[PDB]
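Asks:
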Ligand SMILES: CCCCCCCCCCCCCCCCCC(=O)OC[C@H](COP(=O)(O)OCCN)OC(=O)CCCCCCCCCCCCCCCCC
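Residue numbers (PDB author numbering), protein chains in the order written: chain S, 126 to 143, 150 to 187; chain a, 51 to 100; chain 4, 6 to 486; chain 5, 165 to 246; chain Q, 47 to 131; chain R, 4 to 109; chain j, 3 to 92; chain n, 7 to 60.
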């Protein structure tokens with residue numbers, strides 16, 4: 126499935142939703164790393180900065 | 051190199067597959083500018099003399 | 006917990022088939038855990054705090070609650086906490102920087118990368134010479150395999166260099182550690198400044214320790230392995246090798262050498278200054294005639310390491326603080342530059358020769374802006390941690406020896422030269438004829454670069470923010486009567 | 165290339181600037197104007213000459229004295245309002 | 047801004063040649079006239095004329111392309127081939 | 004070295020153009036430039052018919068030497084040409100489609 | 003008579019992946035130049051010129067720096083020095 | 007009058023993300039300082055529980 130989805134997306138330039152290959156690329160495109168890096172990693176880094184500020 | 055000839059890369063004045071000298075980095079377009087009007091030795095004479 | 010978490014790992018592997026999401030999650034948890042440890046770290050105390058012992062005879066598979074210590078000791082002070090924070094900031098980024106370009110046998114690749122990160126993190130916890138040495142060597146076979154299987158065209162020679170040079174230096178370090186072991190019958194870092202060896206034996210032990218330092222830093226004239234290894238390594242290898250592994254040598258100087266061999270270190274300091282000045286000047290000039298992007302970036306690290314050495318061996322508080330700050334800032338900025346040359350350009354064009362690149366600004370304005378920012382950060386523009394580290398290191402060096410540090414001040418110019426010579430050609434001029442237009446930098450690439458730039462800017466504007474972990478450290482190692 | 169000229173010649177100046185800052189911090193213990201002007205009249209003259217020479221090489225590059233002038237005329241590559 | 051047209055180029059070149067004193071006749075200057083043949087311009091005289099043309103339209107003719115133009119129409123098509131002139 | 008040939012013509016014409024360019028570069032005043040230009044043409048006219056090889060080759064070598072003695076440090080070039088102040092300013096981009104490099108990521 | 007087991011079925015090794023379009027148009031001349039520059043150590047020889055560079059940078063320059071660094075060790079103290087005071091200690 | 011390019015929304019995702027994080031950090035700083043003036047200590051300090059020096 127992943128092979129089919131990504132190959133269609135890469136050749137046609139169309140997202141395989143909407150269901151016949153729509154062009155609507157604006158938005159609705161989340162990568163598989165975003166949730167981790169934005170809700171765990173980045174808040175962890177913010178907390179580290181706050182802790183350093185008040186530890187100083 | 052005369053800049054009215056035509057080159058595949060006009061800015062670099064180079065043609066594709068043209069051989070490079072081993073010290074090509076000292077002779078390409080991005081290398082330090084060279085001055086032709088005087089020889090380097092004579093320019094040294096003039097600068098020291100001034 | 007361990008049983009349950011292993012079951013979790015196994016099921017995720019069964020269903021997804023790619024281990025990388027689990028590894029990203031584990032590393033992010035590790036970073037959060039280290040931040041929690043920092044929250045509970047007492048700063049008004051120069052004693053090691055989160056101590057534990059492994060492989061004690063009474064509990065070989067557990068933690069030691071015994072009155073005899075014969076296992077391997079671990080614990081942290083402020084100095085080690087600084088580098089641990091750098092390590093856990095960097096590891097998830099080294100996973101994320103290879104998210105899409107590893108396609109064949111990717112599970113092994115990510116396992117190697119995460120293992121190398123975890124070994125380095127444990128190395129910073131080690132509290133005795135043997136535990137330190139074990140974790141110091143354990144990275145070499147992992148790096149050998151990673152570079153051999155997933156490196157570029159010349160990666161066999163590179164894997165052999167990264168194994169053989171580091172083993173070569175490490176074995177002389179091993180001679181020194183054996184001598185310490187049999188002469189003192191103790192090996193730990195908690196009380197090793199209480200043992201005062203005779204000056205002659207000190208002078209001998211110093212040589213082995215410093216040969217290992219010379220290969221690992223690296224210093225002139227045993228540096229020539231680093232450009233090859235960096236150039237042929239896959240991206241995660243380069244990021245770890247430049248951001249973390251080279252910092253182990255600076256840490257080794259502070260932790261293994263200065264507290265034990267103080268008098269010999271005083272005697273040997275002018276020789277260190279000779280070596281560091283040679284490193285700075287000669288490697289900076291040699292960078293000017295390189296034609297491989299990754300090689301140029303790799304050569305830059307060596308000169309910055311020379312400046313850090315000059316700071317850390319200056320016998321001044323400012324010099325040691327500058328060396329540590331420089332190490333951290335380099336750990337931010339150098340992985341970003343390696344990301345640009347071996348992650349972004351190399352994944353689009355699969356080539357590293359400088360002649361092919363020109364005028365990227367036309368189609369990729371964002372990448373050009375990143376290049377400009379990271380270049381001026383790399384040459385020590387103020388408000389960047391690189392400037393703070395270099396400036397304090399040069400202050401300490403100048404105090405230690407005015408002539409040598411004064412001459413060392415030319416590094417400002419020399420670094421500017423090689424770096425800006427590269428960026429001038431990369432961004433300016435007409436778009437190159439040899440390459441077709443590609444995408445500008447992606448969201449993932451921008452995320453990594455943004456993390457690194459914000460870190461270097463935060464410590465560049467207010468370097469004092471590290472002092473709460475380091476103010477004991479800047480006094481723990483200077484030798485003044 | 166004109167921009168590279170300017171940035172590199174002024175980095176030469178900035179190298180001597182950093183040298184001067186190191187001397188100033190070592191000799192005076194501070195970079196503040198108030199303290200340096202408070203105590204400069206008591207300072208050893210060789211040290212003051214070292215500091216001022218480094219600072220003058222920096223200013224020389226910035227103000228295009230005949231040592232390090234060359235970038236000034238190359239800077240006319242930029243737009244006229246610049 | 048300012049933009050030239052093929053006829054403007056032609057009119058300028060024709061006035062230019064009309065101003066030259068070494069020419070045979072003024073009325074005989076055609077678009078496809080040959081300077082060497084019809085106007086009877088010397089070897090060096092056509093050089094003087096090419097130099098006048100470049101001094102008039104503000105461009106720089108290389109040696110190899112200067113000697114190639116033999117007719118007035120050749121001159122006009124060359125001057126219209128150049129973007130900045 | 005021919006007294007009158009196509010190659011000889013090409014050489015002498017290139018050189019006379021060089022002389023006029025040089026004179027324009029050196030002389031600020033327009034009237035005097037016309038004076039010197041007329042004189043250059045006279046000098047070029049007088050030696051036009053030299054037939055024997057030695058004398059022609061000698062005159063060509065000596066005029067080459069004269070030109071080299073009078074070379075200008077910085078000639079006048081129009082701004083849009085190679086030596087110009089506007090050369091390669093605001094070069095319009097090649098229009099070009101984005102080649103993809105990765106299956107998953109743009 | 004000694005042959006590998008018939009029970010073994012070997013196929014080709016394909017690393018897979020998406021063949022991207024070739025975004026780089028390789029120049030053979032530049033590649034040859036880069037190969038010569040990258041593997042220069044394989045062809046290096048000791049001649050007069052290369053030996054002279056060896057003697058300047060690996061022998062002479064270290065000796066100059068070493069003389070300077072061992073002669074000037076402990077010589078200077080600058081902190082708060084006043085007029086008439088020696089800035090040297092020996 | 008120069009030409010017009012297509013309309014572009016002022017608040018991009020990057021504007022919202024960076025402004026939000028930065029302004030939230032400054033708001034947190036001021037709240038901590040005010041909570042310190044009232045309570046006696048920074049609200050962030052309360053989560054600090056190191057072992058005693060002894
Ligand atoms: C093959 C290479 C050579 C291998 C030789 C070494 C192998 C070691 C294997 C890794 C295991 C070490 C990490 C786990 C040990 C820590 C467990 C622990 O509980 O630490 C004890 C310490 C004090 O705990 P306690 O006295 O019981 O009081 C608790 C009060 N609530 O509690 C603490 O203060 C917390 C200590 C945190 C330490 C951070 C450890 C970070 C890394 C953890 C995993 C590393 C895995 C490395 C894998 C590659 C192999 C090197």
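Idealized CB from N, CA, C, for every residue including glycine.
Please say whether residue 327 (chain 4) and residue 396 (chain 4) have beta carbons closer to each other than 8 Å?
Replies: Contact flag set, yes.
Asks: Taking 5 Å as the limit, name every residue whose beta carbon sits nearer than that to some heavy atom of ligand 1, in sequence order.
Replies: Answer in sequence order: 55 (chain 4), 57 (chain 4), 123 (chain 4), 124 (chain 4), 127 (chain 4) and 143 (chain 4).
Asks: Residues of chain S with CB closer than 7 Å to the CB of residue 48 (chain 4), please, in chain order.
Replies: What residue 48 (chain 4) touches in chain S: 186.
Asks: Quick one: list the residues of chain a neighbouring residue 91 (chain R), beta-carbon separation under 9 Å, in chain order.
Replies: Result: 60 and 61.
Asks: With distances taken Cα to Cα, identify the nearest neighbour of residue 239 (chain 4) among 476 (chain 4), 344 (chain 4), 14 (chain 4) and 174 (chain 4).
Replies: Answer by Cα proximity: 344 (chain 4).
Asks: Kindly identify the DSSP beta-bridge partner or partners of residue 42 (chain n).
Replies: Residue 42 (chain n) is not bridged to any residue.
Asks: Run down chain j in chain order and give the residues with a C-beta less than 8 Å from the C-beta of residue 74 (chain a).
Replies: 35, listed in chain order.
Asks: Short of 8 Å in beta carbon distance, which residues of its chain neighbour residue 370 (chain 4), apart from the five on each side in sequence? Order them along the chain.
Replies: Excluding positions up to five away in sequence, the list reads 445.
Asks: Spell out whether any CB of chain n is found under 8 Å from the CB atom of residue 54 (chain 4).
Replies: Yes, residue 54 (chain 4) lies at the interface with chain n (some Cβ there is under 8 Å from its Cβ).
Asks: 8 Å is my cut-off, CB to CB: does residue 96 (chain R) come that close to chain a?
Replies: Closer than 8 Å: no.
Asks: Once the 5 residues before and after residue 39 (chain R) are set aside, which same chain residues still bring their CB inside 7 Å of it?
Replies: Within the same chain, residue 39 (chain R) has close Cβ partners 26 and 30.
Asks: Should residue 353 (chain 4) be labelled buried (16 or more other beta-carbon atoms within 10 Å of its own) or exposed?
Replies: Label assigned to residue 353 (chain 4): buried.
Asks: Would residue 82 (chain a) count as contacting chain R if we go by Cβ distances under 8 Å?
Replies: By this cut-off, residue 82 (chain a) is not an interface position.
Asks: Who are the neighbours of residue 106 (chain Q) on chain R, taking C-beta pairs under 7 Å?
Replies: In chain order: 80, 81 and 84.
Asks: Would you mind giving the Cβ-Cβ distance between residue 77 (chain Q) and residue 118 (chain Q), rounded to the nearest angstrom? I have them listed as a contact below 8 Å.
Replies: About 6 Å; that satisfies the 8 Å criterion.
Asks: Given that residue 444 (chain 4) touches chain R, what residues does it touch there, using C-beta distances under 9 Å?
Replies: Neighbours of residue 444 (chain 4) on chain R, chain order: 101, 102, 103, 104, 105, 108 and 109.
Asks: Which of the three DSSP states, helix, strand or coil, is assigned to residue 64 (chain a)?
Replies: Of the three classes helix, strand and coil, the one that applies to residue 64 (chain a) here is strand, per DSSP.
Asks: Looking at residue 102 (chain 4) and residue 456 (chain 4), is the spacing between their C-beta atoms short of 8 Å?
Replies: Not a contact, by the Cβ cut-off of 8 Å.
Asks: Can you tell which of 20 (chain R), 82 (chain R) and 7 (chain R) has the C-alpha that lies nearest to the C-alpha of residue 54 (chain R)?
Replies: When only C-alpha atoms are compared, the closest one is 7 (chain R).
Asks: Please tell me whether residue 47 (chain 4) and residue 62 (chain 4) are closer than 8 Å, where the distance is taken between their beta carbons.
Replies: In this structure, residue 62 (chain 4) does not lie closer than 8 Å to residue 47 (chain 4) by Cβ.
Asks: For residue 92 (chain Q) and residue 82 (chain Q), what's the separation of their Cα atoms in angstroms?
Replies: Straight-line Cα distance between these residues: approximately 7 Å.
Asks: Residue 435 (chain 4) versus chain a: which residues are under 7 Å apart at the beta carbon?
Replies: The contacting residues are 61.
Asks: Hey, how far is the Cα of residue 52 (chain a) from the Cα of residue 226 (chain 5)?
Replies: Those two C-alpha atoms are separated by around 36 Å.
Asks: Quick one: which unbroken alpha helix (DSSP H) runs of 4-plus residues sit fully inside the region 292-319 of chain 4? Chain order, please.
Replies: You should have 298-317.
Asks: Given that a residue counts as buried once 16 or more other Cβ atoms are within 10 Å of its Cβ, and exposed if not, what is residue 28 (chain 4)?
Replies: Classification of residue 28 (chain 4): buried, given that the 10 Å Cβ count is 16 or more.
Asks: In three-state terms, what does DSSP make of residue 65 (chain 4)?
Replies: Here residue 65 (chain 4) sits in strand by DSSP.
Asks: Using only CA atoms, which one of 43 (chain 4), 96 (chain 4) and 230 (chain 4) lies nearest to residue 43 (chain j)?
Replies: The residue with the shortest Cα to Cα distance from residue 43 (chain j) is 230 (chain 4).
Asks: List, in order along the chain, the chain R residues whose C-beta lies closer than 7 Å to that of residue 69 (chain a)?
Replies: Residues of chain R passing the Cβ test: none, with the nearest at roughly 24 Å.
Asks: Reducing DSSP to helix, strand and coil, say where residue 85 (chain j) ends up.
Replies: Residue state, collapsed to three classes: coil.
Asks: Across the region 474-484 of chain 4 and the region 83-92 of chain 4, are there enough close Cβ pairs to call them in contact, namely three or more that are closer than 8 Å?
Replies: The region 474-484 of chain 4 vs the region 83-92 of chain 4: in contact.
Asks: Any C-beta of chain R within less than 7 Å: which residues of the region 340-359 of chain 4 qualify?
Replies: Under the 7 Å Cβ criterion, the region 340-359 of chain 4 contributes 352 and 353.
Asks: Could you pull the DSSP bridge partners for residue 31 (chain n) from this structure?
Replies: None; residue 31 (chain n) has no bridge partner.
Asks: Using a cut-off of 7 Å between C-beta atoms, extract the partners of residue 87 (chain j) located in chain 5.
Replies: Under the 7 Å cutoff, chain 5 gives 208.
Asks: Would you call the region 422-431 of chain 4 and the region 207-214 of chain 5 in contact, with 3 or more CB pairs under 8 Å?
Replies: No, they do not touch.
Asks: Looking at the C-beta of residue 310 (chain 4), does it have a partner C-beta in chain j at a distance below 8 Å?
Replies: No, no contact with chain j.
Asks: Once the 5 residues before and after residue 75 (chain a) are set aside, which same chain residues still bring their CB inside 8 Å of it?
Replies: Cβ neighbours of residue 75 (chain a) beyond the five flanking positions: 81.
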